[PDB]
Structures are given as structure tokens and as C-alpha cells.
Amino acid sequence: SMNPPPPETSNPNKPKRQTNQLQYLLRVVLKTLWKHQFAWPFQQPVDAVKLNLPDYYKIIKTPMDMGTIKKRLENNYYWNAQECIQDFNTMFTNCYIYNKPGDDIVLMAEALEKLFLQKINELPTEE
Ligand SMILES: COc1ccc(CCc2nc3cc(-c4c(C)noc4C)ccc3n2C[C@H](C)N2CCOCC2)cc1Cl
């Protein structure tokens, strides 16, 4: 099996805006996770071909990763902060669905998710 194409990251047919919350999601939330020592396997779509995981995309139908999230933020793809928060949650949940507790990748996701929740608890005020 091939990989699927990556998630869309730019769409000129969607209106665009900058907001305090979206800026914070890029500058604080995404940055903090991106620079973390456990970021690597979450920095791009799961490459099921290279990883030899023929069932990955049989199981995970809503893939998401931080590379995609970073590009979406940079390209003003999200209008509301909750759209971006949902993408992070999808990323973590996919890891937990596909893998097993105690797997090294799950321990890494759990560490990143803890930091994510910490930073989201300090979202700035809405316009
Ligand atoms: C430039 O070369 C690379 C670039 C990216 C990757 C992907 C890394 C990766 N991407 C990964 C993605 C997952 C993953 C995730 C995330 N959710 O389910 C699974 C399975 C789990 C592990 C992942 N891993 C770690 C893999 C297996 N091994 C890489 C070689 O060193 C030992 C570790 C690999 C290589 Cl060799």
C-alpha cells in the first residue's frame, strides 16, 4: 500500500485572520512541543511505507501530525483556535488507538500531551 496524501495545509478559498489565540498556538504551544526531545516522530505524517506498517491507514482514517499543524498555522488555515486544538487532540488519540500502553511511542505522546494541556490552560483572551 501507498501512503495517503498528507492533510491539506493551505486553502485560498477559506477566509484568513490573525488572532491572539492562534498566535499563541504557534508561538508558545506548537513551538514548545516542536522543540521537545520527543517531537521527532510527530513532526511529519506517519510514513507507513517506510515504517512497514501496512495496517496504519486501515485503522487511522483521520491522521494528523505537528508538521501539518505548523503549516496550517503558518498558512492561516484555521479561523478558530479550537480547530487547531482539535488537531493536536486527534494526533495524540491516533497514537493511543494504534499503539499499546507502555510502547515507547505512547510514553512520548503522553509526555507531549501533558505539556500541551499545560500550555492550553494559559490561552490568551479572545477578541
Ligand atoms: C531521515 O530519516 C528518518 C526520518 C524520519 C523517520 C521517522 C521516525 C519515526 N516516526 C515514527 C512514528 C511512529 C508512530 C506514531 C507517531 N504513531 O504510530 C507510530 C508507529 C513511531 C515511531 C516513529 N519513528 C522512529 C522510527 C521507528 N525509528 C527511526 C530510526 O531510529 C529508531 C526509531 C525515520 C527516519 Cl530513518
# chains A, B, ... in the order shown; residues from 1 in each chain; ligands from 1
$ residues_around --residues "residue 55 in chain A" --least-positions-apart "2" --cutoff "12 Å" --atoms "only C-alpha atoms" --output "PDB file with C-alpha atoms, in the first residue's frame"
ATOM      1  CA  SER A   1       0.000   0.000   0.000  1.00  0.00           C
ATOM      2  CA  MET A   2       0.926   3.573  -0.646  1.00  0.00           C
ATOM      3  CA  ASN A   3       0.761   6.373   1.942  1.00  0.00           C
ATOM      4  CA  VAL A  46       3.189   8.768   9.779  1.00  0.00           C
ATOM      5  CA  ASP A  47       5.120   7.197   6.816  1.00  0.00           C
ATOM      6  CA  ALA A  48       3.507   3.768   6.905  1.00  0.00           C
ATOM      7  CA  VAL A  49       5.567   2.644   3.907  1.00  0.00           C
ATOM      8  CA  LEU A  51       7.844   2.188   8.896  1.00  0.00           C
ATOM      9  CA  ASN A  52       6.450  -1.016   7.335  1.00  0.00           C
ATOM     10  CA  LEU A  53       3.007  -0.549   8.921  1.00  0.00           C
ATOM     11  CA  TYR A  57      -4.136   3.711   7.392  1.00  0.00           C
ATOM     12  CA  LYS A  58      -6.603   0.857   7.591  1.00  0.00           C
ATOM     13  CA  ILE A  59      -7.070   1.861  11.238  1.00  0.00           C
ATOM     14  CA  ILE A  60      -6.355   5.622  11.326  1.00  0.00           C
ATOM     15  CA  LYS A  61      -8.680   7.500   8.984  1.00  0.00           C
ATOM     16  CA  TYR A  98      -2.852   2.417  17.016  1.00  0.00           C
ATOM     17  CA  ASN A  99      -0.199   1.592  19.650  1.00  0.00           C
TER      18      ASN A  99
END
$ residues_near_ligand --ligand "ligand 1" --cutoff "9 Å" --atoms "only C-alpha atoms and all ligand atoms" --output "list in words"
residues 40, 41, 42, 43, 44, 45, 46, 47, 48, 50, 51, 53, 56, 65, 91, 92, 94, 95, 96, 97, 98, 99, 104, 105, 106 and 109 of chain A
$ write_last_selection --atoms "N, CA, C and O atoms" --output "short mmCIF file (atom, residue, chain, number, x, y, z; two decimals), in the first residue's frame"
data_model
loop_
_atom_site.label_atom_id
_atom_site.label_comp_id
_atom_site.auth_asym_id
_atom_site.auth_seq_id
_atom_site.Cartn_x
_atom_site.Cartn_y
_atom_site.Cartn_z
N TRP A 40 10.32 14.36 17.39
CA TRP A 40 10.68 13.84 16.08
C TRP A 40 9.59 13.01 15.36
O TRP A 40 9.20 13.35 14.25
N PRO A 41 9.11 11.92 15.99
CA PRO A 41 8.15 11.08 15.26
C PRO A 41 6.81 11.73 15.01
O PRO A 41 6.02 11.20 14.24
N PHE A 42 6.53 12.86 15.68
CA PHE A 42 5.29 13.63 15.47
C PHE A 42 5.46 14.83 14.54
O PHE A 42 4.50 15.57 14.32
N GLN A 43 6.65 15.02 13.97
CA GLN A 43 6.92 16.23 13.18
C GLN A 43 6.49 16.15 11.71
O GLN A 43 6.66 17.11 10.96
N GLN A 44 5.98 15.00 11.28
CA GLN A 44 5.53 14.79 9.91
C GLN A 44 4.51 13.66 9.91
O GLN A 44 4.43 12.91 10.89
N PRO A 45 3.70 13.54 8.83
CA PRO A 45 2.75 12.42 8.77
C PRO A 45 3.41 11.06 9.00
O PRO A 45 4.58 10.85 8.59
N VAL A 46 2.70 10.14 9.63
CA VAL A 46 3.19 8.77 9.78
C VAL A 46 3.47 8.17 8.37
O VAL A 46 2.57 8.09 7.54
N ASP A 47 4.72 7.81 8.10
CA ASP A 47 5.12 7.20 6.82
C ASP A 47 5.02 5.68 7.00
O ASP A 47 5.97 5.00 7.45
N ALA A 48 3.83 5.18 6.74
CA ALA A 48 3.51 3.77 6.91
C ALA A 48 4.32 2.88 5.98
O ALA A 48 4.58 1.74 6.33
N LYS A 50 7.59 3.53 4.91
CA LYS A 50 8.95 3.45 5.46
C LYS A 50 8.97 2.70 6.78
O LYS A 50 9.92 1.96 7.05
N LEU A 51 7.93 2.87 7.60
CA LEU A 51 7.84 2.19 8.90
C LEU A 51 7.36 0.75 8.79
O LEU A 51 7.34 0.03 9.80
N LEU A 53 4.26 -0.41 8.18
CA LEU A 53 3.01 -0.55 8.92
C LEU A 53 1.83 -0.61 7.95
O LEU A 53 1.09 0.36 7.81
N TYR A 56 -1.64 0.71 9.19
CA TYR A 56 -1.80 2.01 9.87
C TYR A 56 -3.00 2.78 9.32
O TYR A 56 -3.86 3.24 10.08
N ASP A 65 -0.59 15.36 12.44
CA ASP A 65 0.76 15.45 12.95
C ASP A 65 1.15 16.90 13.12
O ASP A 65 0.46 17.80 12.60
N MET A 91 -4.13 14.01 16.86
CA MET A 91 -2.80 13.42 16.80
C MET A 91 -2.49 12.48 17.97
O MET A 91 -2.01 11.37 17.80
N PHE A 92 -2.76 12.95 19.17
CA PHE A 92 -2.49 12.11 20.35
C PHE A 92 -3.39 10.89 20.37
O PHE A 92 -2.93 9.77 20.57
N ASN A 94 -4.85 9.35 17.92
CA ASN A 94 -4.45 8.35 16.93
C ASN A 94 -3.31 7.47 17.43
O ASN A 94 -3.32 6.26 17.22
N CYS A 95 -2.35 8.09 18.10
CA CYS A 95 -1.22 7.34 18.64
C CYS A 95 -1.71 6.31 19.64
O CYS A 95 -1.25 5.17 19.65
N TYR A 96 -2.64 6.71 20.50
CA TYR A 96 -3.15 5.81 21.52
C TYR A 96 -4.01 4.68 20.94
O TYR A 96 -4.02 3.56 21.48
N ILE A 97 -4.78 4.97 19.88
CA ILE A 97 -5.57 3.95 19.21
C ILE A 97 -4.68 2.91 18.53
O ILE A 97 -4.92 1.69 18.63
N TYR A 98 -3.65 3.35 17.82
CA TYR A 98 -2.85 2.42 17.02
C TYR A 98 -1.87 1.59 17.84
O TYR A 98 -1.66 0.41 17.55
N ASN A 99 -1.24 2.22 18.81
CA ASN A 99 -0.20 1.59 19.65
C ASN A 99 -0.76 1.08 20.98
O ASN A 99 -1.95 1.15 21.20
N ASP A 104 7.04 2.68 23.66
CA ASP A 104 7.87 3.87 23.78
C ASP A 104 7.17 5.07 23.13
O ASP A 104 7.16 6.17 23.68
N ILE A 105 6.56 4.87 21.97
CA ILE A 105 5.90 6.00 21.28
C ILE A 105 4.72 6.56 22.08
O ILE A 105 4.44 7.76 22.04
N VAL A 106 4.02 5.71 22.82
CA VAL A 106 2.90 6.15 23.65
C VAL A 106 3.40 6.95 24.85
O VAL A 106 2.82 7.98 25.21
N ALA A 109 4.15 10.34 23.45
CA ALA A 109 2.90 11.09 23.24
C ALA A 109 2.33 11.60 24.57
O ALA A 109 1.88 12.74 24.66
#
$ atom_distance --atom1 "CA of residue 103 in chain A" --atom2 "CA of residue 39 in chain A"
15.7 Å
$ residues_around --residues "residue 116 in chain A" --least-positions-apart "4" --cutoff "9 Å" --atoms "only C-alpha atoms" --output "ChimeraX atom specification"
/A:29-30,32-33,88,111-112,120-121
$ atom_distance --atom1 "CA of residue 7 in chain A" --atom2 "CA of residue 68 in chain A"
6.8 Å
$ atom_distance --atom1 "CA of residue 20 in chain A" --atom2 "CA of residue 77 in chain A"
15.0 Å
$ closest_residue --among "A:12, A:70, A:75, A:127" --to "residue 28 in chain A" --atoms "only C-alpha atoms"
A:70
$ residues_around --residues "residue 31 in chain A" --least-positions-apart "4" --cutoff "12 Å" --atoms "only C-alpha atoms" --output "list in words"
residues 23, 24, 25, 26, 27, 35, 36, 39, 43, 66, 67, 69, 70, 73, 112, 115, 116 and 119 of chain A
$ closest_residue --among "A:5, A:54, A:125, A:76" --to "residue 18 in chain A" --atoms "only C-alpha atoms"
A:76
$ select_by_dssp --residues "range 48-87 of chain A" --states "alpha helix (DSSP H)" --output "ChimeraX atom specification"
/A:56-59,66-74,81-87
$ decode --residues "range 15-37 of chain A" --atoms "C-alpha atoms" --output "PDB file, in the first residue's frame"
ATOM      1  CA  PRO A  15     -11.020  33.343   4.751  1.00  0.00           C
ATOM      2  CA  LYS A  16      -7.937  34.108   6.850  1.00  0.00           C
ATOM      3  CA  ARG A  17      -7.248  36.004  10.041  1.00  0.00           C
ATOM      4  CA  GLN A  18      -4.618  36.538  12.698  1.00  0.00           C
ATOM      5  CA  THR A  19      -5.839  36.271  16.344  1.00  0.00           C
ATOM      6  CA  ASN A  20      -4.234  36.403  19.782  1.00  0.00           C
ATOM      7  CA  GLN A  21      -5.118  32.766  20.375  1.00  0.00           C
ATOM      8  CA  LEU A  22      -3.858  31.497  17.013  1.00  0.00           C
ATOM      9  CA  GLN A  23      -0.600  33.385  17.509  1.00  0.00           C
ATOM     10  CA  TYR A  24      -0.205  31.829  20.920  1.00  0.00           C
ATOM     11  CA  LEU A  25      -0.891  28.355  19.468  1.00  0.00           C
ATOM     12  CA  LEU A  26       2.024  28.802  17.051  1.00  0.00           C
ATOM     13  CA  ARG A  27       4.471  30.821  19.163  1.00  0.00           C
ATOM     14  CA  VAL A  28       4.027  29.033  22.505  1.00  0.00           C
ATOM     15  CA  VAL A  29       2.101  25.756  22.122  1.00  0.00           C
ATOM     16  CA  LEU A  30       3.436  24.376  18.835  1.00  0.00           C
ATOM     17  CA  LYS A  31       6.932  25.791  19.441  1.00  0.00           C
ATOM     18  CA  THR A  32       7.203  24.188  22.921  1.00  0.00           C
ATOM     19  CA  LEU A  33       6.198  20.762  21.596  1.00  0.00           C
ATOM     20  CA  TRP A  34       8.222  21.094  18.381  1.00  0.00           C
ATOM     21  CA  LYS A  35      11.485  21.729  20.195  1.00  0.00           C
ATOM     22  CA  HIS A  36      10.902  18.947  22.758  1.00  0.00           C
ATOM     23  CA  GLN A  37      13.259  15.980  22.585  1.00  0.00           C
TER      24      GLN A  37
END
